[PDB]
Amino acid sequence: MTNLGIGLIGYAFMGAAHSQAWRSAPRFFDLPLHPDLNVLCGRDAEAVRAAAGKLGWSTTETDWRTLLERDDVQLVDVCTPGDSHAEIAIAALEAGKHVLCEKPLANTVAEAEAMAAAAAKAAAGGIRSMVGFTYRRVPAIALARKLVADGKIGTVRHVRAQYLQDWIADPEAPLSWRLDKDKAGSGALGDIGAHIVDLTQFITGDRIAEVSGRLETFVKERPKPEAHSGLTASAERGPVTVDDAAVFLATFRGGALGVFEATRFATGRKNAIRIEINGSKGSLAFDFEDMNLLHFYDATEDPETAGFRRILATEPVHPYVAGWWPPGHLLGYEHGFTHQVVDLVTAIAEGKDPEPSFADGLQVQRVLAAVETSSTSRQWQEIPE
């Protein structure tokens, strides 16, 4: 085997971001297998043909189940909303196909448990799976993980993380699927809270032990998708059934305090994923709106010169950067997807289980469920270890 046949399900949701990664990866990195964009799945035959020509896929299929039967599909990339992840990923693994699944892993803990079980059985048969928490593959974030691994942070006292967006801060913005509890599973919590739960656990190497949470919906009714705005009446609106924001306190198993905030109503903030970790030997700070920077404070340095150093994460020694451009020639949102592909293809070729695993996705799911339950119950909730 020199090539790895790819089939993608969910082009309407993440097709552009995922497809560019499959196209670019072997051009910028020397991969042990060449990914072939073989099959794009979609029920609307004319729309999926159009998408296939735009995105670079050779054939299309109406029925996702067909991808699991085709010898030219070795790996299924599942990009749909959480409500369909368990059905599709479990089937794919049982059909002997490697799987890349978007986050969050599922819509319920029960689903995620079933996925983790299937992933374990599959791994025993050489069939690999990964949950695509893309921001782990931002070079600055991978660098932060390395600095912790190298011991430069020491005993972690504090984790603080915010994921601040504003894309529905306007109450007149209409209803859609990310606002429908049934497809999306949750709102801010599941969509963007998941990212920061996973990023903080990834960087520290520690896990959240207990949480105290509050979910809020600021705008509970919104114009229906084709409401009439005349010279919008009350009868033209429908209910919002997910959270607009989720906030929570945490303790980590190692003892650190954590403070988390994810919202779609942070007016002026667009994709501001903010993380700061404070430990006995140093601290790290990151903001995705400055994605190419990692700030690092060394607490062992002479107080005369100690301070957060601005590390421009564009050196060839930084994770992934060697595949791209010279120092100061910035990367962006899309590169992390390519880096995922590089790491997934490489794991498959080397017979290794990719990270984050479905088991890792399940633990994240358990944190999300605990925050939600904590909000409704008004009680702290422990996370199964």
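Residue numbers run from 1 along the displayed sequence.
258 to 266 set against 165 to 173, stretch whose average Cα temperature factor tops the other in the entry: Averaging CA B-factors over each stretch, the winner is 165 to 173.
Higher-scoring stretch by recorded Cα B factor average, 282 to 290 or 298 to 306: If you average the C-alpha B-factors of 282 to 290 and of 298 to 306, the larger mean comes out for 298 to 306.
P225, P139, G193, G213, ranked by C-alpha B-factor: the highest one: Each of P225, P139, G193, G213 was compared by C-alpha B-factor; the highest is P225.
Largest Cα B-factor, entry values, listed residues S129, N271, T314, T80: The listed residue with the largest C-alpha B-factor is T80.
Third of the chain's Cα B-factor distribution that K352 belongs to, per the entry: For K352, whose C-alpha B-factor we compare with every modelled residue in the chain, the answer is the highest third.
Third of the chain, ranked by Cα B-factor, where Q201 sits: Ranked within chain, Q201 CA B lands in the middle tercile.
B-factor third for the C-alpha atom of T338 within its chain: It belongs to the lowest third of the chain when residues are ordered by C-alpha B-factor.
Chain thirds of CA B-factor: placement of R145: Lowest third of the chain for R145's C-alpha B-factor.
Third assignment of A370 from its chain's C-alpha B-factors: It falls in the middle third of the chain.
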